[PDB]
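Read the structure below first, then the notes.
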Amino acid sequence: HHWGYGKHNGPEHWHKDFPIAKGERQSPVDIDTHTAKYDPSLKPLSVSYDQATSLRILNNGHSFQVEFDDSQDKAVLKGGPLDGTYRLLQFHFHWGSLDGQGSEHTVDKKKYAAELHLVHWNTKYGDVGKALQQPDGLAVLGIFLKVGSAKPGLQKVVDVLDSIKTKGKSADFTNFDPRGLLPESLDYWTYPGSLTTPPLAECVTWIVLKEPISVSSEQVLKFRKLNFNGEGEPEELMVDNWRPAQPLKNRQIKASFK
Ligand SMILES: CCCCNC(=O)c1cc(S(N)(=O)=O)c(Cl)cc1SC1CCCCC1
Ligand SMILES: [Zn+2]
């Protein structure tokens with residue numbers, strides 16, 4: 001009876017195995033755009049992904065993830081609200097069964113069809129397992145997806161999903177450029193938060209871009225064809241793999257823009 005996203009094992013149940021689920025800096029949150037404070041001392045985000053080395057794509061049973069070589073500074077996030085250098089580990093998505101849901105963060109209670117998370121770890125901690133134990137260990141760049149025109153840079157990901165349909169399947173996935181998933185603007189909101197999946201560790205500086213990317217209805221349909229189950233098990237479509245907004249508590253969301 002491991003955690004997941006169903007009625008019997010979904011977000012309302014996670015606190016029993018992961019008590020931090022009810023902690024003081026949980027994610028995601030609703031971004032109330034009128035309450036976020038413009039902070040003129042926030043720096044522009046520096047996304048340096050020119051030397052990114054993608055390695056593999058994996059269906060982990062909760063999402064799918066594209067993994068990168070993070071054994072040297074090849075794909076790094078710096079600047080913005082961060083101190084020092086964060087290496088890209090992997091990206092993955094959360095999505096819904098319908099286009100009016102699927103994002104984890106919300107903006108003035110608006111849900112997007114999906115959310116992309118680019119997960120990075122602070123190099124000062126040496127490895128991601130150590131970074132998970134630190135309040136400034138991770139930084140996640142979150143990007144909303146709306147349905148409209150296709151995102152050309154997402155198509156190589158979509159096209160290989162059939163080969164990783166079920167839990168535990170992986171494929172080689174080299175030469176993928178994550179720059180092709182970014183919107184034009186790097187304007188963002190930021191707040192201190194957590195993983196949105198177990199173990200829900202409170203180690204994340206969230207950087208959520210204000211501009212969504214557009215994907216097509218056919219791209220998100222391919223996400224919804226993936227399975228939570230492993231091969232040869234009863235089919236359970238991987239949809240609605242999102243945690244809903246958690247209490248902001250004693251936190252301020254800061255905007256990089258006016
Ligand atoms: C048990 C893993 C289930 C799937 N979760 C993730 O892949 C994941 C999601 C987020 S999120 N939705 O906040 O961006 C983040 Cl920040 C880190 C990780 S992978 C991380 C898990 C703990 C061990 C180190 C890698
Ligand atoms: Zn995520």
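Labeling convention for the structure tokens: chains A, B, ... as they appear, residues from 1 per chain, ligands from 1 in order of appearance.
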
Query raised in the report: Quick one: residues within 12 Å of residue A:211, only C-alpha atoms counted, chain neighbours fewer than 6 positions away excluded, as a count of residues only?
Result: 18

Requested in this report: Give the helix (DSSP H, G or I) residues of stretch 2-126 of chain A, as assigned by DSSP on the backbone, as a list in words.
Outcome: residues 11, 12, 13, 14, 15, 16, 19, 20, 21, 22, 123, 124 and 125 of chain A

Query raised in the report: What do you get as a PyMOL selection string if you pick all residues at most 12 Å from ligand 2, counting only C-alpha atoms and all ligand atoms?
Result: chain A and resi 27-28+62-65+90-95+102-105+114-120+139-144+194-198+200+204+206+208+241-244

Report task. Extract, using only C-alpha atoms, all DNA, RNA and protein residues at most 6 Å from residue A:215, discarding same-chain residues fewer than 2 positions from it, and format them as a count of residues only. Result -> 5

**Report entry** Residue nearest ligand 1 among A:232, A:247, A:135, A:129 (counting only C-alpha atoms and all ligand atoms)
**Finding:**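 Closest candidate: A:129.
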
Query - From A:58, A:220, A:82, A:66, residue lying nearest residue A:97 [only C-alpha atoms] - result: A:220

Using only C-alpha atoms, find each residue in stretch 53-164 of chain A having at least one atom no more than 10 Å away from stretch 41-45 of chain A; report its shortest atom-to-atom pair and that distance in Å (one decimal), rows by chain then rising number, as a tab-separated table.
residue	atom	partner	partner_atom	distance
A:77	CA	A:45	CA	7.4
A:78	CA	A:45	CA	6.4
A:79	CA	A:45	CA	4.9
A:80	CA	A:45	CA	4.2
A:81	CA	A:42	CA	5.8
A:82	CA	A:45	CA	8.7
A:141	CA	A:45	CA	9.9

Query raised in the report: Taking only C-alpha atoms and all ligand atoms into account, which of A:98, A:253, A:237, A:138 comes nearest ligand 1?
Result: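 Smallest distance to ligand 1 is found for A:138.
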
Query raised in the report: Using only C-alpha atoms, which of A:68, A:6, A:54, A:256 sits nearest residue A:228?
Result: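 Of A:68, A:6, A:54, A:256, the one nearest residue A:228, counting only C-alpha atoms, is A:6.
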
Requested in this report: Write out as a PyMOL selection string each polymer residue whose atoms come within 9 Å of residue A:21, counting only C-alpha atoms; drop sequence neighbours fewer than 4 positions from it.
Outcome: chain A and resi 11+14-17+26+198-201

With C-alpha atoms kept, could you save the residues just selected as a compact mmCIF listing (two decimals), in the first residue's frame?
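Wrote it out as part25.txt, contents follow:
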# COMPACT_ATOMS: atom_id res chain seq x y z
CA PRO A 11 -2.31 13.20 -1.20
CA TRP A 14 0.52 10.93 2.59
CA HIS A 15 0.83 12.42 6.08
CA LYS A 16 0.55 8.98 7.65
CA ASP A 17 3.86 7.76 6.18
CA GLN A 26 4.89 22.51 2.06
CA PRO A 198 6.95 11.89 -0.85
CA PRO A 199 9.22 12.24 0.97
CA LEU A 200 7.93 15.88 0.94
CA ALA A 201 11.31 17.14 2.24

Requested in this report: Using only C-alpha atoms and all ligand atoms, find the one residue out of A:46, A:106, A:219, A:133 that sits nearest to ligand 1.
Outcome: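 The shortest atom-to-atom distance to ligand 1 comes from A:133.
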
Requested in this report: Find the residue from A:130, A:7, A:109, A:179 that sits nearest to ligand 1; use only C-alpha atoms and all ligand atoms when measuring.
Outcome: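 Of the candidates, the smallest distance to ligand 1 is held by A:130.
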
Within 9 Å of residue A:251, counting only C-alpha atoms, which residues show up once you throw out same-chain ones fewer than 2 positions away? Write them as a compact mmCIF listing (two decimals) with C-alpha atoms, in the first residue's frame, please.
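Written output follows (selection_26.txt):
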# COMPACT_ATOMS: atom_id res chain seq x y z
CA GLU A 24 5.35 24.73 7.77
CA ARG A 25 6.86 24.98 4.23
CA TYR A 191 9.09 31.07 -2.22
CA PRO A 192 10.64 28.47 0.17
CA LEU A 248 1.05 29.20 2.68
CA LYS A 249 1.48 29.62 6.47
CA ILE A 253 5.94 34.86 -2.31

Requested in this report: From a DSSP calculation on the backbone, collect every residue of stretch 5-73 of chain A in strand (DSSP E or B) and output the set as a ChimeraX atom specification.
Outcome: /A:30-31,37-38,45-48,54-59,64-68

Please produce a file of the residues just selected, as a PDB file, in the first residue's frame, where the atoms kept are N, CA, C and O atoms.
ATOM      1  N   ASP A  30      -0.947  28.119  -3.835  1.00  0.00           N
ATOM      2  CA  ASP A  30      -1.612  29.036  -4.783  1.00  0.00           C
ATOM      3  C   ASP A  30      -0.799  30.330  -4.760  1.00  0.00           C
ATOM      4  O   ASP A  30      -0.452  30.798  -3.669  1.00  0.00           O
ATOM      5  N   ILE A  31      -0.515  30.870  -5.933  1.00  0.00           N
ATOM      6  CA  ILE A  31       0.222  32.152  -6.039  1.00  0.00           C
ATOM      7  C   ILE A  31      -0.837  33.230  -6.229  1.00  0.00           C
ATOM      8  O   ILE A  31      -1.437  33.316  -7.296  1.00  0.00           O
ATOM      9  N   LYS A  37       4.953  40.055  -3.453  1.00  0.00           N
ATOM     10  CA  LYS A  37       5.646  41.325  -3.370  1.00  0.00           C
ATOM     11  C   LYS A  37       6.746  41.425  -4.430  1.00  0.00           C
ATOM     12  O   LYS A  37       7.662  40.605  -4.442  1.00  0.00           O
ATOM     13  N   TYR A  38       6.701  42.442  -5.290  1.00  0.00           N
ATOM     14  CA  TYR A  38       7.828  42.694  -6.172  1.00  0.00           C
ATOM     15  C   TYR A  38       9.068  42.999  -5.337  1.00  0.00           C
ATOM     16  O   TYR A  38       9.052  43.849  -4.431  1.00  0.00           O
ATOM     17  N   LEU A  45      17.183  35.289 -13.422  1.00  0.00           N
ATOM     18  CA  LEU A  45      17.559  33.869 -13.326  1.00  0.00           C
ATOM     19  C   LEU A  45      18.605  33.585 -14.402  1.00  0.00           C
ATOM     20  O   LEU A  45      18.454  34.106 -15.522  1.00  0.00           O
ATOM     21  N   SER A  46      19.652  32.843 -14.055  1.00  0.00           N
ATOM     22  CA  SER A  46      20.640  32.410 -15.042  1.00  0.00           C
ATOM     23  C   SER A  46      20.438  30.915 -15.295  1.00  0.00           C
ATOM     24  O   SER A  46      20.715  30.076 -14.424  1.00  0.00           O
ATOM     25  N   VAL A  47      19.957  30.595 -16.489  1.00  0.00           N
ATOM     26  CA  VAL A  47      19.751  29.206 -16.877  1.00  0.00           C
ATOM     27  C   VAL A  47      20.844  28.873 -17.878  1.00  0.00           C
ATOM     28  O   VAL A  47      20.849  29.409 -18.982  1.00  0.00           O
ATOM     29  N   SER A  48      21.789  28.034 -17.476  1.00  0.00           N
ATOM     30  CA  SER A  48      22.918  27.704 -18.348  1.00  0.00           C
ATOM     31  C   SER A  48      22.849  26.241 -18.706  1.00  0.00           C
ATOM     32  O   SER A  48      23.440  25.433 -18.017  1.00  0.00           O
ATOM     33  N   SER A  54      21.586  14.985 -21.535  1.00  0.00           N
ATOM     34  CA  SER A  54      20.515  14.071 -21.182  1.00  0.00           C
ATOM     35  C   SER A  54      21.000  12.633 -21.339  1.00  0.00           C
ATOM     36  O   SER A  54      21.840  12.329 -22.199  1.00  0.00           O
ATOM     37  N   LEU A  55      20.489  11.723 -20.501  1.00  0.00           N
ATOM     38  CA  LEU A  55      20.940  10.333 -20.571  1.00  0.00           C
ATOM     39  C   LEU A  55      19.788   9.367 -20.818  1.00  0.00           C
ATOM     40  O   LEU A  55      19.947   8.414 -21.601  1.00  0.00           O
ATOM     41  N   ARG A  56      18.653   9.540 -20.141  1.00  0.00           N
ATOM     42  CA  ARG A  56      17.690   8.451 -20.120  1.00  0.00           C
ATOM     43  C   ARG A  56      16.332   9.045 -19.814  1.00  0.00           C
ATOM     44  O   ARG A  56      16.254  10.094 -19.156  1.00  0.00           O
ATOM     45  N   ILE A  57      15.269   8.339 -20.180  1.00  0.00           N
ATOM     46  CA  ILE A  57      13.922   8.725 -19.789  1.00  0.00           C
ATOM     47  C   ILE A  57      13.351   7.507 -19.095  1.00  0.00           C
ATOM     48  O   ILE A  57      13.568   6.376 -19.557  1.00  0.00           O
ATOM     49  N   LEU A  58      12.595   7.704 -18.015  1.00  0.00           N
ATOM     50  CA  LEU A  58      12.165   6.627 -17.156  1.00  0.00           C
ATOM     51  C   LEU A  58      10.717   6.892 -16.744  1.00  0.00           C
ATOM     52  O   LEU A  58      10.388   8.005 -16.327  1.00  0.00           O
ATOM     53  N   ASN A  59       9.876   5.842 -16.769  1.00  0.00           N
ATOM     54  CA  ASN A  59       8.559   5.847 -16.138  1.00  0.00           C
ATOM     55  C   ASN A  59       8.752   5.368 -14.708  1.00  0.00           C
ATOM     56  O   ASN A  59       9.076   4.188 -14.529  1.00  0.00           O
ATOM     57  N   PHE A  64       6.851  10.558 -15.536  1.00  0.00           N
ATOM     58  CA  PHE A  64       8.046  10.152 -16.254  1.00  0.00           C
ATOM     59  C   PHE A  64       9.106  11.235 -16.056  1.00  0.00           C
ATOM     60  O   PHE A  64       8.763  12.412 -15.829  1.00  0.00           O
ATOM     61  N   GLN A  65      10.389  10.826 -16.089  1.00  0.00           N
ATOM     62  CA  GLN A  65      11.455  11.778 -15.867  1.00  0.00           C
ATOM     63  C   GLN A  65      12.550  11.608 -16.901  1.00  0.00           C
ATOM     64  O   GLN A  65      12.890  10.494 -17.334  1.00  0.00           O
ATOM     65  N   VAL A  66      13.108  12.719 -17.337  1.00  0.00           N
ATOM     66  CA  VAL A  66      14.301  12.749 -18.173  1.00  0.00           C
ATOM     67  C   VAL A  66      15.480  13.131 -17.305  1.00  0.00           C
ATOM     68  O   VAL A  66      15.447  14.138 -16.578  1.00  0.00           O
ATOM     69  N   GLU A  67      16.483  12.271 -17.295  1.00  0.00           N
ATOM     70  CA  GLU A  67      17.636  12.375 -16.410  1.00  0.00           C
ATOM     71  C   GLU A  67      18.839  12.964 -17.111  1.00  0.00           C
ATOM     72  O   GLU A  67      19.056  12.614 -18.274  1.00  0.00           O
ATOM     73  N   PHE A  68      19.673  13.694 -16.375  1.00  0.00           N
ATOM     74  CA  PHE A  68      20.852  14.346 -16.912  1.00  0.00           C
ATOM     75  C   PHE A  68      22.109  13.902 -16.183  1.00  0.00           C
ATOM     76  O   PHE A  68      22.051  13.422 -15.051  1.00  0.00           O
TER      77      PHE A  68
END

Query raised in the report: Got a sec: who's within 12 Å of residue A:71, counting only C-alpha atoms, leaving out chain neighbours fewer than 4 positions off, as a PyMOL selection string?
Result: chain A and resi 52-53+67+75-76+86-89+121+123+126-128
